[PDB]
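Undergrad: The structure follows.
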Amino acid sequence: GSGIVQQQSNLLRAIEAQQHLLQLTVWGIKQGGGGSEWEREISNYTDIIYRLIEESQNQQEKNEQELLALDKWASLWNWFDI
Amino acid sequence: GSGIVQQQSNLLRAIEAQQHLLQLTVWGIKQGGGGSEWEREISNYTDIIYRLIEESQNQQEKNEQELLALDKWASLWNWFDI
Amino acid sequence: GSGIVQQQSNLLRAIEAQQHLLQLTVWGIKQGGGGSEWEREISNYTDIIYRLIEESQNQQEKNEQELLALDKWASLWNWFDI
């Protein structure tokens with residue numbers, strides 16, 4: 001239960017960070033390009049996003065393991081019920 | 001249960017809206033810039049995305065509260081079982 | 001249970017693909033535009049993203065049906081408990 005709520009937090013944060021990147025990209029095309037500061041912010045948000053993606057992949061793996069274990073536990077209590 | 005399925009709907013809609021922004025940004029660079037209509041659509045989708053992000057943050061908070069309450073309820077039925 | 005973990009996988013993959021598009025768009029503005037290869041990669045990732053979005057919409061519908069059924073089942077075992 002905690003793993004899924006946690007994973008949803010991970011995804012939400014990722015899309016918020018990605019929205020910031022989108023804004024910077026929109027700014028970039030409006031301005032016909034961006035200076036070093038523009039590149040700095042792009043880099044900063046990119047770093048944040050990759051960390052969130054990495055953490056989400058890790059959490060995804062743990063959630064699937066828990067699912068597999070729960071599924072197996074339930075399928076045993078299925079056969080034993082006959 | 002409903003809170004998580006609901007939150008997944010929120011996130012999905014957000015990424016769909018963000019995909020539209022991405023397309024507009026791709027169009028923008030291909031065209032070497034965009035007119036007022038391009039800016040209008042960017043603005044419209046940005047508004048949609050921020051509303052979805054806000055709603056998702058709110059839903060996230062409610063899901064975590066429910067988790068905390070459920071966790072506490074379960075941990076009490078843990079101690080009482082001895 | 002599987003439907004939500006599965007849907008989280010769908011969303012994660014979508015945001016990863018969308019991150020690749022973002023990078024290409026950033027590259028595009030830095031370079032003042034992109035060649036045919038740039039357009040090819042944009043197209044490829046766009047295709048991936050739309051397939052993931054489609055699959056996520058489908059999974060969302062199934063999750064909501066399961067929720068509706070579970071909710072109904074629980075509300076019947078509510079009335080019958082009096």
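By order of appearance in the structure tokens: chains A, B, ..., then residues from 1 within every chain, and ligands from 1 in the order shown.
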Distance limit 8 Å, atoms considered: only C-alpha atoms. Which chain B residues sit that close to chain C? Return them as a ChimeraX atom specification.
TA: /B:1-2,5,8-9,11-12,15-16,19,22,25-26,29-30,32
Undergrad: With chain C held fixed, move chain B onto it by a least-squares fit of all C-alpha atoms in order and give the output as a PDB file with N, CA and C atoms, in the first residue's frame.
TA:
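Written out: superposed_28.pdb:
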ATOM      1  N   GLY B   1      -5.189  -5.067  -7.792  1.00  0.00           N
ATOM      2  CA  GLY B   1      -3.840  -4.795  -7.333  1.00  0.00           C
ATOM      3  C   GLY B   1      -2.831  -4.765  -8.467  1.00  0.00           C
ATOM      4  N   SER B   2      -2.928  -5.737  -9.366  1.00  0.00           N
ATOM      5  CA  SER B   2      -2.013  -5.803 -10.498  1.00  0.00           C
ATOM      6  C   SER B   2      -2.253  -4.646 -11.462  1.00  0.00           C
ATOM      7  N   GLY B   3      -3.519  -4.265 -11.620  1.00  0.00           N
ATOM      8  CA  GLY B   3      -3.896  -3.206 -12.535  1.00  0.00           C
ATOM      9  C   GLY B   3      -3.265  -1.865 -12.205  1.00  0.00           C
ATOM     10  N   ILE B   4      -3.148  -1.559 -10.918  1.00  0.00           N
ATOM     11  CA  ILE B   4      -2.558  -0.292 -10.494  1.00  0.00           C
ATOM     12  C   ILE B   4      -1.035  -0.290 -10.635  1.00  0.00           C
ATOM     13  N   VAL B   5      -0.395  -1.382 -10.230  1.00  0.00           N
ATOM     14  CA  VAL B   5       1.049  -1.515 -10.409  1.00  0.00           C
ATOM     15  C   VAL B   5       1.401  -1.471 -11.891  1.00  0.00           C
ATOM     16  N   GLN B   6       0.552  -2.092 -12.705  1.00  0.00           N
ATOM     17  CA  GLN B   6       0.728  -2.100 -14.153  1.00  0.00           C
ATOM     18  C   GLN B   6       0.574  -0.702 -14.732  1.00  0.00           C
ATOM     19  N   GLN B   7      -0.443   0.012 -14.263  1.00  0.00           N
ATOM     20  CA  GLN B   7      -0.697   1.375 -14.705  1.00  0.00           C
ATOM     21  C   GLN B   7       0.456   2.301 -14.315  1.00  0.00           C
ATOM     22  N   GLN B   8       1.056   2.057 -13.153  1.00  0.00           N
ATOM     23  CA  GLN B   8       2.214   2.846 -12.730  1.00  0.00           C
ATOM     24  C   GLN B   8       3.422   2.607 -13.635  1.00  0.00           C
ATOM     25  N   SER B   9       3.617   1.358 -14.046  1.00  0.00           N
ATOM     26  CA  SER B   9       4.630   1.046 -15.048  1.00  0.00           C
ATOM     27  C   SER B   9       4.371   1.818 -16.350  1.00  0.00           C
ATOM     28  N   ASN B  10       3.125   1.795 -16.823  1.00  0.00           N
ATOM     29  CA  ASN B  10       2.730   2.533 -18.028  1.00  0.00           C
ATOM     30  C   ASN B  10       3.083   4.020 -17.953  1.00  0.00           C
ATOM     31  N   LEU B  11       2.713   4.653 -16.844  1.00  0.00           N
ATOM     32  CA  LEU B  11       2.958   6.082 -16.657  1.00  0.00           C
ATOM     33  C   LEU B  11       4.451   6.387 -16.602  1.00  0.00           C
ATOM     34  N   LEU B  12       5.189   5.581 -15.845  1.00  0.00           N
ATOM     35  CA  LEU B  12       6.635   5.773 -15.719  1.00  0.00           C
ATOM     36  C   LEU B  12       7.299   5.738 -17.091  1.00  0.00           C
ATOM     37  N   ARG B  13       6.959   4.728 -17.887  1.00  0.00           N
ATOM     38  CA  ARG B  13       7.546   4.590 -19.215  1.00  0.00           C
ATOM     39  C   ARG B  13       7.212   5.804 -20.069  1.00  0.00           C
ATOM     40  N   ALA B  14       5.979   6.285 -19.946  1.00  0.00           N
ATOM     41  CA  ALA B  14       5.551   7.454 -20.697  1.00  0.00           C
ATOM     42  C   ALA B  14       6.398   8.673 -20.333  1.00  0.00           C
ATOM     43  N   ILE B  15       6.616   8.911 -19.043  1.00  0.00           N
ATOM     44  CA  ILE B  15       7.402  10.084 -18.664  1.00  0.00           C
ATOM     45  C   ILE B  15       8.876   9.951 -19.054  1.00  0.00           C
ATOM     46  N   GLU B  16       9.390   8.722 -19.077  1.00  0.00           N
ATOM     47  CA  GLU B  16      10.758   8.490 -19.547  1.00  0.00           C
ATOM     48  C   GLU B  16      10.875   8.821 -21.032  1.00  0.00           C
ATOM     49  N   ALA B  17       9.902   8.361 -21.815  1.00  0.00           N
ATOM     50  CA  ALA B  17       9.862   8.656 -23.243  1.00  0.00           C
ATOM     51  C   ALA B  17       9.705  10.159 -23.474  1.00  0.00           C
ATOM     52  N   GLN B  18       8.836  10.785 -22.686  1.00  0.00           N
ATOM     53  CA  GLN B  18       8.639  12.225 -22.766  1.00  0.00           C
ATOM     54  C   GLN B  18       9.895  13.006 -22.375  1.00  0.00           C
ATOM     55  N   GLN B  19      10.681  12.464 -21.451  1.00  0.00           N
ATOM     56  CA  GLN B  19      11.964  13.081 -21.112  1.00  0.00           C
ATOM     57  C   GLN B  19      12.915  13.060 -22.309  1.00  0.00           C
ATOM     58  N   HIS B  20      12.870  11.983 -23.088  1.00  0.00           N
ATOM     59  CA  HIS B  20      13.707  11.901 -24.280  1.00  0.00           C
ATOM     60  C   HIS B  20      13.300  12.948 -25.306  1.00  0.00           C
ATOM     61  N   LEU B  21      11.993  13.129 -25.479  1.00  0.00           N
ATOM     62  CA  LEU B  21      11.487  14.176 -26.358  1.00  0.00           C
ATOM     63  C   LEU B  21      11.944  15.550 -25.884  1.00  0.00           C
ATOM     64  N   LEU B  22      11.851  15.790 -24.580  1.00  0.00           N
ATOM     65  CA  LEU B  22      12.305  17.051 -24.008  1.00  0.00           C
ATOM     66  C   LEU B  22      13.768  17.321 -24.326  1.00  0.00           C
ATOM     67  N   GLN B  23      14.607  16.306 -24.165  1.00  0.00           N
ATOM     68  CA  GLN B  23      16.025  16.445 -24.470  1.00  0.00           C
ATOM     69  C   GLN B  23      16.236  16.831 -25.930  1.00  0.00           C
ATOM     70  N   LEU B  24      15.490  16.185 -26.825  1.00  0.00           N
ATOM     71  CA  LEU B  24      15.595  16.466 -28.254  1.00  0.00           C
ATOM     72  C   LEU B  24      15.181  17.901 -28.546  1.00  0.00           C
ATOM     73  N   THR B  25      14.133  18.356 -27.869  1.00  0.00           N
ATOM     74  CA  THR B  25      13.656  19.724 -28.030  1.00  0.00           C
ATOM     75  C   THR B  25      14.691  20.731 -27.498  1.00  0.00           C
ATOM     76  N   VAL B  26      15.314  20.404 -26.372  1.00  0.00           N
ATOM     77  CA  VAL B  26      16.383  21.242 -25.834  1.00  0.00           C
ATOM     78  C   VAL B  26      17.550  21.313 -26.825  1.00  0.00           C
ATOM     79  N   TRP B  27      17.959  20.151 -27.328  1.00  0.00           N
ATOM     80  CA  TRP B  27      18.989  20.075 -28.357  1.00  0.00           C
ATOM     81  C   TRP B  27      18.613  20.944 -29.546  1.00  0.00           C
ATOM     82  N   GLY B  28      17.360  20.827 -29.971  1.00  0.00           N
ATOM     83  CA  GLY B  28      16.860  21.581 -31.103  1.00  0.00           C
ATOM     84  C   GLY B  28      17.053  23.077 -30.954  1.00  0.00           C
ATOM     85  N   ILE B  29      16.652  23.633 -29.815  1.00  0.00           N
ATOM     86  CA  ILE B  29      16.780  25.074 -29.637  1.00  0.00           C
ATOM     87  C   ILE B  29      18.249  25.493 -29.484  1.00  0.00           C
ATOM     88  N   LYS B  30      19.044  24.679 -28.794  1.00  0.00           N
ATOM     89  CA  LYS B  30      20.478  24.939 -28.690  1.00  0.00           C
ATOM     90  C   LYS B  30      21.115  25.018 -30.074  1.00  0.00           C
ATOM     91  N   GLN B  31      20.745  24.083 -30.944  1.00  0.00           N
ATOM     92  CA  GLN B  31      21.320  24.001 -32.285  1.00  0.00           C
ATOM     93  C   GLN B  31      20.670  24.952 -33.289  1.00  0.00           C
ATOM     94  N   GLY B  32      19.622  25.649 -32.863  1.00  0.00           N
ATOM     95  CA  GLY B  32      18.897  26.538 -33.752  1.00  0.00           C
ATOM     96  C   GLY B  32      18.107  25.761 -34.788  1.00  0.00           C
ATOM     97  N   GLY B  33      17.798  24.508 -34.466  1.00  0.00           N
ATOM     98  CA  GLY B  33      17.046  23.645 -35.359  1.00  0.00           C
ATOM     99  C   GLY B  33      17.665  22.264 -35.447  1.00  0.00           C
ATOM    100  N   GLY B  34      16.937  21.326 -36.039  1.00  0.00           N
ATOM    101  CA  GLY B  34      17.438  19.974 -36.189  1.00  0.00           C
ATOM    102  C   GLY B  34      17.271  19.432 -37.595  1.00  0.00           C
ATOM    103  N   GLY B  35      18.178  18.546 -37.993  1.00  0.00           N
ATOM    104  CA  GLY B  35      18.115  17.935 -39.307  1.00  0.00           C
ATOM    105  C   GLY B  35      17.054  16.856 -39.403  1.00  0.00           C
ATOM    106  N   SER B  36      17.176  16.004 -40.416  1.00  0.00           N
ATOM    107  CA  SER B  36      16.234  14.911 -40.618  1.00  0.00           C
ATOM    108  C   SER B  36      16.337  13.862 -39.510  1.00  0.00           C
ATOM    109  N   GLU B  37      17.555  13.616 -39.032  1.00  0.00           N
ATOM    110  CA  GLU B  37      17.779  12.672 -37.941  1.00  0.00           C
ATOM    111  C   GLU B  37      17.062  13.119 -36.666  1.00  0.00           C
ATOM    112  N   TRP B  38      17.163  14.409 -36.372  1.00  0.00           N
ATOM    113  CA  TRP B  38      16.449  15.007 -35.254  1.00  0.00           C
ATOM    114  C   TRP B  38      14.945  14.747 -35.397  1.00  0.00           C
ATOM    115  N   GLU B  39      14.407  14.992 -36.589  1.00  0.00           N
ATOM    116  CA  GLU B  39      12.992  14.726 -36.859  1.00  0.00           C
ATOM    117  C   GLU B  39      12.645  13.243 -36.757  1.00  0.00           C
ATOM    118  N   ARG B  40      13.579  12.386 -37.154  1.00  0.00           N
ATOM    119  CA  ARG B  40      13.353  10.948 -37.103  1.00  0.00           C
ATOM    120  C   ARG B  40      13.191  10.481 -35.656  1.00  0.00           C
ATOM    121  N   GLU B  41      14.086  10.941 -34.790  1.00  0.00           N
ATOM    122  CA  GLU B  41      14.047  10.575 -33.382  1.00  0.00           C
ATOM    123  C   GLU B  41      12.805  11.141 -32.695  1.00  0.00           C
ATOM    124  N   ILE B  42      12.463  12.387 -33.006  1.00  0.00           N
ATOM    125  CA  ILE B  42      11.237  12.983 -32.488  1.00  0.00           C
ATOM    126  C   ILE B  42      10.056  12.083 -32.836  1.00  0.00           C
ATOM    127  N   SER B  43       9.964  11.711 -34.109  1.00  0.00           N
ATOM    128  CA  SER B  43       8.875  10.864 -34.586  1.00  0.00           C
ATOM    129  C   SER B  43       8.835   9.519 -33.865  1.00  0.00           C
ATOM    130  N   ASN B  44       9.998   8.893 -33.720  1.00  0.00           N
ATOM    131  CA  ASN B  44      10.095   7.601 -33.054  1.00  0.00           C
ATOM    132  C   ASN B  44       9.585   7.648 -31.613  1.00  0.00           C
ATOM    133  N   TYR B  45      10.029   8.647 -30.861  1.00  0.00           N
ATOM    134  CA  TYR B  45       9.627   8.762 -29.467  1.00  0.00           C
ATOM    135  C   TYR B  45       8.165   9.163 -29.351  1.00  0.00           C
ATOM    136  N   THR B  46       7.704  10.004 -30.269  1.00  0.00           N
ATOM    137  CA  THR B  46       6.295  10.381 -30.286  1.00  0.00           C
ATOM    138  C   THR B  46       5.420   9.136 -30.447  1.00  0.00           C
ATOM    139  N   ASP B  47       5.803   8.254 -31.366  1.00  0.00           N
ATOM    140  CA  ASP B  47       5.075   7.005 -31.583  1.00  0.00           C
ATOM    141  C   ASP B  47       5.018   6.165 -30.310  1.00  0.00           C
ATOM    142  N   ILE B  48       6.167   6.005 -29.659  1.00  0.00           N
ATOM    143  CA  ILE B  48       6.248   5.272 -28.402  1.00  0.00           C
ATOM    144  C   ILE B  48       5.313   5.877 -27.351  1.00  0.00           C
ATOM    145  N   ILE B  49       5.330   7.200 -27.244  1.00  0.00           N
ATOM    146  CA  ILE B  49       4.530   7.892 -26.239  1.00  0.00           C
ATOM    147  C   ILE B  49       3.028   7.732 -26.478  1.00  0.00           C
ATOM    148  N   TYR B  50       2.606   7.812 -27.732  1.00  0.00           N
ATOM    149  CA  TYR B  50       1.189   7.650 -28.034  1.00  0.00           C
ATOM    150  C   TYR B  50       0.693   6.227 -27.782  1.00  0.00           C
ATOM    151  N   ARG B  51       1.553   5.241 -28.013  1.00  0.00           N
ATOM    152  CA  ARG B  51       1.201   3.862 -27.707  1.00  0.00           C
ATOM    153  C   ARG B  51       1.073   3.671 -26.195  1.00  0.00           C
ATOM    154  N   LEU B  52       1.980   4.282 -25.441  1.00  0.00           N
ATOM    155  CA  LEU B  52       1.936   4.184 -23.985  1.00  0.00           C
ATOM    156  C   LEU B  52       0.707   4.896 -23.426  1.00  0.00           C
ATOM    157  N   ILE B  53       0.383   6.047 -24.003  1.00  0.00           N
ATOM    158  CA  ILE B  53      -0.789   6.795 -23.574  1.00  0.00           C
ATOM    159  C   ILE B  53      -2.061   6.005 -23.861  1.00  0.00           C
ATOM    160  N   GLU B  54      -2.126   5.398 -25.043  1.00  0.00           N
ATOM    161  CA  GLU B  54      -3.269   4.572 -25.413  1.00  0.00           C
ATOM    162  C   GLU B  54      -3.430   3.392 -24.460  1.00  0.00           C
ATOM    163  N   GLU B  55      -2.331   2.694 -24.192  1.00  0.00           N
ATOM    164  CA  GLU B  55      -2.350   1.562 -23.273  1.00  0.00           C
ATOM    165  C   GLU B  55      -2.746   1.989 -21.857  1.00  0.00           C
ATOM    166  N   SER B  56      -2.313   3.180 -21.452  1.00  0.00           N
ATOM    167  CA  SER B  56      -2.638   3.703 -20.125  1.00  0.00           C
ATOM    168  C   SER B  56      -4.118   4.065 -20.011  1.00  0.00           C
ATOM    169  N   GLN B  57      -4.676   4.625 -21.077  1.00  0.00           N
ATOM    170  CA  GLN B  57      -6.098   4.939 -21.092  1.00  0.00           C
ATOM    171  C   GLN B  57      -6.923   3.661 -20.974  1.00  0.00           C
ATOM    172  N   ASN B  58      -6.512   2.629 -21.702  1.00  0.00           N
ATOM    173  CA  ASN B  58      -7.179   1.335 -21.630  1.00  0.00           C
ATOM    174  C   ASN B  58      -7.098   0.739 -20.232  1.00  0.00           C
ATOM    175  N   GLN B  59      -5.900   0.752 -19.655  1.00  0.00           N
ATOM    176  CA  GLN B  59      -5.705   0.240 -18.306  1.00  0.00           C
ATOM    177  C   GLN B  59      -6.500   1.050 -17.281  1.00  0.00           C
ATOM    178  N   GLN B  60      -6.557   2.363 -17.478  1.00  0.00           N
ATOM    179  CA  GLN B  60      -7.348   3.222 -16.598  1.00  0.00           C
ATOM    180  C   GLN B  60      -8.817   2.795 -16.581  1.00  0.00           C
ATOM    181  N   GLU B  61      -9.366   2.522 -17.762  1.00  0.00           N
ATOM    182  CA  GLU B  61     -10.760   2.088 -17.874  1.00  0.00           C
ATOM    183  C   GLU B  61     -11.005   0.767 -17.132  1.00  0.00           C
ATOM    184  N   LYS B  62     -10.099  -0.190 -17.299  1.00  0.00           N
ATOM    185  CA  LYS B  62     -10.205  -1.466 -16.593  1.00  0.00           C
ATOM    186  C   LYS B  62     -10.105  -1.310 -15.075  1.00  0.00           C
ATOM    187  N   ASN B  63      -9.187  -0.463 -14.614  1.00  0.00           N
ATOM    188  CA  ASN B  63      -9.032  -0.209 -13.180  1.00  0.00           C
ATOM    189  C   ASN B  63     -10.297   0.403 -12.578  1.00  0.00           C
ATOM    190  N   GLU B  64     -10.933   1.300 -13.324  1.00  0.00           N
ATOM    191  CA  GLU B  64     -12.138   1.964 -12.832  1.00  0.00           C
ATOM    192  C   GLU B  64     -13.321   1.003 -12.763  1.00  0.00           C
ATOM    193  N   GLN B  65     -13.413   0.114 -13.747  1.00  0.00           N
ATOM    194  CA  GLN B  65     -14.418  -0.941 -13.731  1.00  0.00           C
ATOM    195  C   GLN B  65     -14.243  -1.843 -12.513  1.00  0.00           C
ATOM    196  N   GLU B  66     -13.008  -2.271 -12.271  1.00  0.00           N
ATOM    197  CA  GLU B  66     -12.714  -3.117 -11.125  1.00  0.00           C
ATOM    198  C   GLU B  66     -13.081  -2.402  -9.829  1.00  0.00           C
ATOM    199  N   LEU B  67     -12.736  -1.120  -9.751  1.00  0.00           N
ATOM    200  CA  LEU B  67     -13.095  -0.284  -8.608  1.00  0.00           C
ATOM    201  C   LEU B  67     -14.614  -0.229  -8.417  1.00  0.00           C
ATOM    202  N   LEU B  68     -15.340   0.005  -9.506  1.00  0.00           N
ATOM    203  CA  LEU B  68     -16.799   0.080  -9.447  1.00  0.00           C
ATOM    204  C   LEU B  68     -17.399  -1.227  -8.936  1.00  0.00           C
ATOM    205  N   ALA B  69     -16.892  -2.344  -9.449  1.00  0.00           N
ATOM    206  CA  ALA B  69     -17.363  -3.661  -9.044  1.00  0.00           C
ATOM    207  C   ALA B  69     -17.045  -3.921  -7.571  1.00  0.00           C
ATOM    208  N   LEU B  70     -15.813  -3.626  -7.171  1.00  0.00           N
ATOM    209  CA  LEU B  70     -15.392  -3.811  -5.789  1.00  0.00           C
ATOM    210  C   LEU B  70     -16.222  -2.941  -4.847  1.00  0.00           C
ATOM    211  N   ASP B  71     -16.428  -1.687  -5.241  1.00  0.00           N
ATOM    212  CA  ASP B  71     -17.242  -0.755  -4.464  1.00  0.00           C
ATOM    213  C   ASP B  71     -18.658  -1.276  -4.281  1.00  0.00           C
ATOM    214  N   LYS B  72     -19.223  -1.819  -5.354  1.00  0.00           N
ATOM    215  CA  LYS B  72     -20.580  -2.345  -5.316  1.00  0.00           C
ATOM    216  C   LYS B  72     -20.648  -3.583  -4.423  1.00  0.00           C
ATOM    217  N   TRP B  73     -19.654  -4.455  -4.553  1.00  0.00           N
ATOM    218  CA  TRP B  73     -19.571  -5.668  -3.746  1.00  0.00           C
ATOM    219  C   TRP B  73     -19.483  -5.323  -2.263  1.00  0.00           C
ATOM    220  N   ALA B  74     -18.695  -4.302  -1.947  1.00  0.00           N
ATOM    221  CA  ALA B  74     -18.505  -3.885  -0.563  1.00  0.00           C
ATOM    222  C   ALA B  74     -19.756  -3.219   0.009  1.00  0.00           C
ATOM    223  N   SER B  75     -20.481  -2.490  -0.832  1.00  0.00           N
ATOM    224  CA  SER B  75     -21.678  -1.782  -0.384  1.00  0.00           C
ATOM    225  C   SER B  75     -22.854  -2.731  -0.164  1.00  0.00           C
ATOM    226  N   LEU B  76     -22.799  -3.899  -0.797  1.00  0.00           N
ATOM    227  CA  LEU B  76     -23.808  -4.931  -0.592  1.00  0.00           C
ATOM    228  C   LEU B  76     -23.550  -5.660   0.721  1.00  0.00           C
ATOM    229  N   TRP B  77     -22.279  -5.943   0.991  1.00  0.00           N
ATOM    230  CA  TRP B  77     -21.880  -6.560   2.249  1.00  0.00           C
ATOM    231  C   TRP B  77     -21.988  -5.549   3.387  1.00  0.00           C
ATOM    232  N   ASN B  78     -22.381  -4.327   3.044  1.00  0.00           N
ATOM    233  CA  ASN B  78     -22.625  -3.291   4.037  1.00  0.00           C
ATOM    234  C   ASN B  78     -24.073  -3.362   4.507  1.00  0.00           C
ATOM    235  N   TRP B  79     -24.994  -3.369   3.547  1.00  0.00           N
ATOM    236  CA  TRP B  79     -26.420  -3.443   3.843  1.00  0.00           C
ATOM    237  C   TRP B  79     -26.785  -4.771   4.499  1.00  0.00           C
ATOM    238  N   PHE B  80     -26.199  -5.854   3.997  1.00  0.00           N
ATOM    239  CA  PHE B  80     -26.482  -7.191   4.506  1.00  0.00           C
ATOM    240  C   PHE B  80     -25.994  -7.374   5.941  1.00  0.00           C
ATOM    241  N   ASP B  81     -25.242  -6.397   6.440  1.00  0.00           N
ATOM    242  CA  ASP B  81     -24.696  -6.468   7.790  1.00  0.00           C
ATOM    243  C   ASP B  81     -25.519  -5.646   8.778  1.00  0.00           C
ATOM    244  N   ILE B  82     -26.829  -5.877   8.791  1.00  0.00           N
ATOM    245  CA  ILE B  82     -27.721  -5.179   9.710  1.00  0.00           C
ATOM    246  C   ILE B  82     -28.926  -6.041  10.077  1.00  0.00           C
TER     247      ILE B  82
END
